[PDB]
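Trainee: Okay, so here is structure_33.txt, and as you'll see once you scroll down, it has compact mmCIF, C-alpha atoms.
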```txt
# COMPACT_ATOMS: atom_id res chain seq x y z
CA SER A 1 2.00 16.41 28.79
CA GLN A 2 2.29 20.23 28.73
CA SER A 3 5.84 20.23 27.39
CA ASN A 4 5.28 18.15 24.23
CA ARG A 5 2.41 20.59 23.71
CA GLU A 6 4.93 23.41 24.22
CA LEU A 7 7.37 21.80 21.70
CA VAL A 8 4.53 21.43 19.16
CA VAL A 9 3.58 25.12 19.32
CA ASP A 10 7.12 26.40 19.24
CA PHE A 11 7.94 24.23 16.22
CA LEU A 12 4.78 25.11 14.30
CA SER A 13 4.97 28.80 15.00
CA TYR A 14 8.61 28.76 13.77
CA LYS A 15 7.61 27.02 10.56
CA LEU A 16 4.67 29.29 9.96
CA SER A 17 6.83 32.38 10.69
CA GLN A 18 9.73 31.14 8.36
CA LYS A 19 7.27 31.01 5.49
CA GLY A 20 5.92 34.53 6.29
CA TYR A 21 2.69 33.35 8.00
CA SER A 22 1.41 33.41 11.48
CA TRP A 23 -0.37 31.44 14.07
CA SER A 24 -3.49 33.65 14.39
CA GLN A 25 -5.18 36.07 11.95
CA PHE A 26 -4.00 38.94 14.30
CA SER A 27 -0.85 37.48 15.91
CA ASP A 28 1.69 39.76 14.13
CA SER A 29 23.52 24.96 39.28
CA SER A 30 21.23 21.93 39.73
CA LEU A 31 22.38 19.62 42.40
CA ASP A 32 23.07 15.94 41.84
CA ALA A 33 19.62 14.54 42.60
CA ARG A 34 16.99 15.92 40.08
CA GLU A 35 15.49 15.62 36.52
CA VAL A 36 14.08 17.65 33.51
CA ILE A 37 14.13 18.24 29.78
CA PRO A 38 15.33 21.20 29.23
CA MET A 39 13.24 23.12 26.85
CA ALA A 40 15.05 25.90 25.07
CA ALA A 41 17.66 23.45 23.89
CA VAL A 42 15.14 20.86 22.58
CA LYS A 43 13.26 23.62 20.74
CA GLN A 44 16.41 24.91 19.02
CA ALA A 45 17.55 21.41 18.00
CA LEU A 46 14.09 20.47 16.71
CA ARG A 47 14.07 23.69 14.63
CA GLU A 48 17.48 22.98 13.04
CA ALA A 49 16.59 19.32 12.54
CA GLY A 50 13.25 20.23 10.91
CA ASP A 51 15.08 22.65 8.64
CA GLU A 52 17.68 19.96 7.64
CA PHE A 53 14.85 17.50 6.97
CA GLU A 54 13.08 19.99 4.71
CA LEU A 55 16.34 20.82 2.85
CA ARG A 56 17.01 17.06 2.24
CA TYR A 57 13.65 15.73 1.21
CA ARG A 58 12.02 18.12 -1.26
CA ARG A 59 9.50 15.25 -1.94
CA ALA A 60 8.03 13.79 1.34
CA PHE A 61 4.46 13.83 2.49
CA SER A 62 2.93 14.72 -0.92
CA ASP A 63 1.68 11.09 -0.81
CA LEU A 64 0.84 11.51 2.92
CA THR A 65 -0.80 14.98 2.61
CA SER A 66 -2.88 13.91 -0.39
CA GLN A 67 -3.89 10.91 1.77
CA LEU A 68 -5.17 13.17 4.60
CA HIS A 69 -6.63 15.70 2.21
CA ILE A 70 -7.16 17.81 5.30
CA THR A 71 -10.28 20.07 5.66
CA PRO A 72 -12.42 21.93 8.21
CA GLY A 73 -14.20 18.49 8.26
CA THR A 74 -11.23 16.28 9.23
CA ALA A 75 -11.24 14.54 12.60
CA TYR A 76 -8.25 13.42 14.72
CA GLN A 77 -8.63 9.68 13.70
CA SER A 78 -7.76 10.53 10.14
CA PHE A 79 -4.65 12.48 11.07
CA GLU A 80 -3.64 9.65 13.51
CA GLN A 81 -4.02 7.06 10.67
CA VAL A 82 -1.84 8.97 8.20
CA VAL A 83 0.87 9.75 10.83
CA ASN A 84 0.93 5.98 11.89
CA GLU A 85 2.29 5.46 8.37
CA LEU A 86 5.41 7.71 9.08
CA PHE A 87 5.94 5.37 11.88
CA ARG A 88 5.26 2.13 9.93
CA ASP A 89 8.81 0.71 10.41
CA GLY A 90 8.87 1.80 14.10
CA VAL A 91 9.94 4.90 15.95
CA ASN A 92 13.40 6.50 15.99
CA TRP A 93 14.48 10.18 16.22
CA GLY A 94 14.53 10.68 12.43
CA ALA A 95 10.86 9.53 12.21
CA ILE A 96 10.03 11.98 15.07
CA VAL A 97 11.64 14.85 13.12
CA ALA A 98 9.67 13.80 10.06
CA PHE A 99 6.45 13.82 12.15
CA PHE A 100 7.09 17.46 13.27
CA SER A 101 8.00 18.49 9.73
CA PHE A 102 4.79 16.90 8.41
CA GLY A 103 2.69 18.94 10.93
CA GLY A 104 4.71 22.11 10.02
CA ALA A 105 3.88 21.46 6.36
CA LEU A 106 0.11 20.80 6.83
CA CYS A 107 0.03 24.04 8.79
CA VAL A 108 1.74 26.18 6.20
CA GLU A 109 -0.33 24.66 3.39
CA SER A 110 -3.60 25.24 5.35
CA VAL A 111 -2.72 28.93 5.82
CA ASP A 112 -1.89 29.10 2.16
CA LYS A 113 -5.27 27.65 1.27
CA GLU A 114 -7.29 29.94 3.62
CA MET A 115 -7.91 27.37 6.36
CA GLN A 116 -6.18 29.02 9.29
CA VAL A 117 -8.66 27.16 11.57
CA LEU A 118 -6.66 24.00 10.94
CA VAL A 119 -3.52 25.38 12.68
CA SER A 120 -4.77 24.85 16.25
CA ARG A 121 -6.37 21.58 15.24
CA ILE A 122 -3.13 20.16 13.84
CA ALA A 123 -1.20 21.41 16.91
CA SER A 124 -3.79 19.79 19.17
CA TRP A 125 -3.62 16.50 17.15
CA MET A 126 0.14 16.46 17.20
CA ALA A 127 0.24 16.97 20.95
CA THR A 128 -2.23 14.12 21.39
CA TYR A 129 -0.35 11.92 18.97
CA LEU A 130 2.90 12.56 20.77
CA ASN A 131 1.45 11.91 24.21
CA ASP A 132 -0.47 8.71 23.28
CA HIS A 133 1.92 7.22 20.76
CA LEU A 134 5.41 8.56 21.14
CA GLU A 135 5.97 9.56 24.76
CA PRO A 136 6.44 6.02 26.16
CA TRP A 137 9.22 5.54 23.46
CA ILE A 138 10.81 8.90 24.11
CA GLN A 139 11.05 8.30 27.84
CA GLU A 140 12.61 4.91 27.32
CA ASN A 141 15.05 6.14 24.62
CA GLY A 142 17.02 8.70 26.61
CA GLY A 143 14.19 11.23 26.62
CA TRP A 144 14.65 14.51 24.89
CA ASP A 145 18.13 15.08 26.43
CA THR A 146 19.26 12.39 24.04
CA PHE A 147 17.74 13.93 20.93
CA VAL A 148 19.74 17.06 21.79
CA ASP A 149 22.96 15.02 22.03
CA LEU A 150 22.30 13.73 18.47
CA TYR A 151 20.81 16.82 16.78
CA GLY A 152 22.06 19.70 18.99
```
Transcribe the structure of this file into structure tokens.
Mentor:
Amino acid sequence: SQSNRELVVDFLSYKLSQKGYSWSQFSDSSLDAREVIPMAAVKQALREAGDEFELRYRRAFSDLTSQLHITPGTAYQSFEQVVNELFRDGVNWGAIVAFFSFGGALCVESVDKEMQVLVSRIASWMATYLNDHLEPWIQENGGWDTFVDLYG
């Protein structure tokens, strides 16, 4: 799905930017029958929610990130295995915000450590994770319109 990919990139570029980094080494009415997301509102809400999450949990992921110990060698399987652990008690919208914040944080840390190559990898992994693992839940749970109504 192109729009979970779009939410991944928006969220990660906002996190990178907020810490003073960048994506790339030179990147500096409807009608009554219908049905879509709609994006700019999901992206804003995910942003604010990711920021609240980071403000509340100074701690999280240090266990998780040391478990991935991500390098230019890491494959998708290993990321998928660590993220499965954020979802160990099941999925809900809080666990989804923690998943995005985790990806934000591996990104920032990778830039920090000189492994900018990992940014697009993580983004690509997240989009795959979301589409394989989380999408069937999201669609059943009110879709993204519902996440907005809780974290908008």
Trainee: Could you make a table, as a Markdown table, of the residues of stretch 121-146 of chain A that have an atom within 12 Å of an atom of stretch 62-83 of chain A, each with its nearest atom pair and distance in Å to one decimal, counting all atoms listed in the file, in chain and number order?
Mentor:
```
| residue | atom | partner | partner_atom | distance |
| --- | --- | --- | --- | --- |
| A:121 | CA | A:76 | CA | 8.4 |
| A:122 | CA | A:79 | CA | 8.3 |
| A:123 | CA | A:76 | CA | 10.9 |
| A:124 | CA | A:76 | CA | 9.0 |
| A:125 | CA | A:76 | CA | 6.1 |
| A:126 | CA | A:80 | CA | 8.6 |
| A:127 | CA | A:76 | CA | 11.1 |
| A:128 | CA | A:76 | CA | 9.0 |
| A:129 | CA | A:80 | CA | 6.8 |
| A:130 | CA | A:80 | CA | 10.2 |
| A:132 | CA | A:80 | CA | 10.3 |
| A:133 | CA | A:80 | CA | 9.5 |
| A:134 | CA | A:83 | CA | 11.3 |
```
Trainee: Report, in Å to a single decimal, how far apart atom CA of residue A:152 and atom CA of residue A:49 are.
Mentor: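 Between atom CA of residue A:49 and atom CA of residue A:152 the gap is 8.5 Å.
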Trainee: What does the structure give for the distance between atom CA of residue A:36 and atom CA of residue A:9, in Å to one decimal?
Mentor: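 One can read the atom CA of residue A:36 to atom CA of residue A:9 distance as 19.2 Å.
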Trainee: Extract, using only C-alpha atoms, all DNA, RNA and protein residues at most 12 Å from stretch 17-19 of chain A, discarding same-chain residues fewer than 5 positions from it, and format them as an mmCIF file with C-alpha atoms, in the coordinates of the input.
Mentor:
```
data_model
loop_
_atom_site.group_PDB
_atom_site.id
_atom_site.type_symbol
_atom_site.label_atom_id
_atom_site.label_comp_id
_atom_site.auth_asym_id
_atom_site.auth_seq_id
_atom_site.Cartn_x
_atom_site.Cartn_y
_atom_site.Cartn_z
ATOM 1 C CA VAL A 9 3.580 25.120 19.320
ATOM 2 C CA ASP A 10 7.120 26.400 19.240
ATOM 3 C CA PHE A 11 7.940 24.230 16.220
ATOM 4 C CA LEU A 12 4.780 25.110 14.300
ATOM 5 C CA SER A 24 -3.490 33.650 14.390
ATOM 6 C CA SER A 27 -0.850 37.480 15.910
ATOM 7 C CA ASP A 28 1.690 39.760 14.130
ATOM 8 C CA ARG A 47 14.070 23.690 14.630
ATOM 9 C CA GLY A 50 13.250 20.230 10.910
ATOM 10 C CA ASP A 51 15.080 22.650 8.640
ATOM 11 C CA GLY A 104 4.710 22.110 10.020
ATOM 12 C CA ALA A 105 3.880 21.460 6.360
ATOM 13 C CA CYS A 107 0.030 24.040 8.790
ATOM 14 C CA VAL A 108 1.740 26.180 6.200
ATOM 15 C CA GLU A 109 -0.330 24.660 3.390
ATOM 16 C CA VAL A 111 -2.720 28.930 5.820
ATOM 17 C CA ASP A 112 -1.890 29.100 2.160
#
```
Trainee: Have a look at atom CA of residue A:46 and atom CA of residue A:29 and let me know their distance in Å, one decimal.
Mentor: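 Rounded to one decimal, the two atoms are 24.9 Å apart.
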Trainee: Nearest to residue A:119: which of A:42, A:22, A:147, A:88 is it, counting only C-alpha atoms?
Mentor: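 Of all the options, A:22 lies closest to residue A:119.
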Trainee: Would you list the residues near (14.0, 8.5, 14.3), meaning any protein, DNA or RNA residue with an atom at most 12 Å from that point in file coordinates, counting only C-alpha atoms, as a list in words?
Mentor: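 Final list of nearby residues, as requested, is residues 49, 53, 86, 87, 88, 89, 90, 91, 92, 93, 94, 95, 96, 97, 98, 99, 100, 134, 137, 138, 141, 146, 147, 150 and 151 of chain A.
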Trainee: Of the candidates A:116, A:15, A:135, A:23, which one gets nearest to residue A:102 if we count only C-alpha atoms?
Mentor: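 So, comparing all the options, the nearest one is A:15.
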Trainee: Generate the coordinates of N, CA and C atoms for stretch 82-97 of chain A; report them as a short mmCIF file (atom, residue, chain, number, x, y, z; two decimals), in the frame of the given file.
Mentor:
```
data_model
loop_
_atom_site.label_atom_id
_atom_site.label_comp_id
_atom_site.auth_asym_id
_atom_site.auth_seq_id
_atom_site.Cartn_x
_atom_site.Cartn_y
_atom_site.Cartn_z
N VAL A 82 -2.91 8.54 9.08
CA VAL A 82 -1.84 8.97 8.20
C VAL A 82 -0.46 9.05 8.95
N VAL A 83 -0.40 9.62 10.16
CA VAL A 83 0.87 9.75 10.83
C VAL A 83 1.41 8.33 11.20
N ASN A 84 0.54 7.41 11.60
CA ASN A 84 0.93 5.98 11.89
C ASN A 84 1.77 5.40 10.78
N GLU A 85 1.51 5.83 9.55
CA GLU A 85 2.29 5.46 8.37
C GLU A 85 3.73 6.05 8.34
N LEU A 86 3.98 7.30 8.77
CA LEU A 86 5.41 7.71 9.08
C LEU A 86 5.99 6.81 10.04
N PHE A 87 5.25 6.24 10.95
CA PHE A 87 5.94 5.37 11.88
C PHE A 87 5.80 3.88 11.57
N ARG A 88 5.54 3.53 10.31
CA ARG A 88 5.26 2.13 9.93
C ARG A 88 6.39 1.14 10.23
N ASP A 89 7.64 1.52 9.98
CA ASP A 89 8.81 0.71 10.41
C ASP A 89 9.30 0.89 11.82
N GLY A 90 8.48 1.52 12.71
CA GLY A 90 8.87 1.80 14.10
C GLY A 90 9.28 3.24 14.31
N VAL A 91 9.59 3.57 15.56
CA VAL A 91 9.94 4.90 15.95
C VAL A 91 11.48 4.97 16.08
N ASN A 92 12.02 6.13 15.73
CA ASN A 92 13.40 6.50 15.99
C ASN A 92 13.35 8.03 15.89
N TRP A 93 14.47 8.71 16.07
CA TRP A 93 14.48 10.18 16.22
C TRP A 93 14.33 10.87 14.88
N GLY A 94 14.81 10.25 13.81
CA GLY A 94 14.53 10.68 12.43
C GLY A 94 13.03 10.72 11.99
N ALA A 95 12.31 9.67 12.37
CA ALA A 95 10.86 9.53 12.21
C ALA A 95 10.05 10.59 13.03
N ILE A 96 10.53 10.88 14.25
CA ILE A 96 10.03 11.98 15.07
C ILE A 96 10.28 13.34 14.44
N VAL A 97 11.43 13.56 13.83
CA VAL A 97 11.64 14.85 13.12
C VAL A 97 10.75 14.89 11.88
#
```
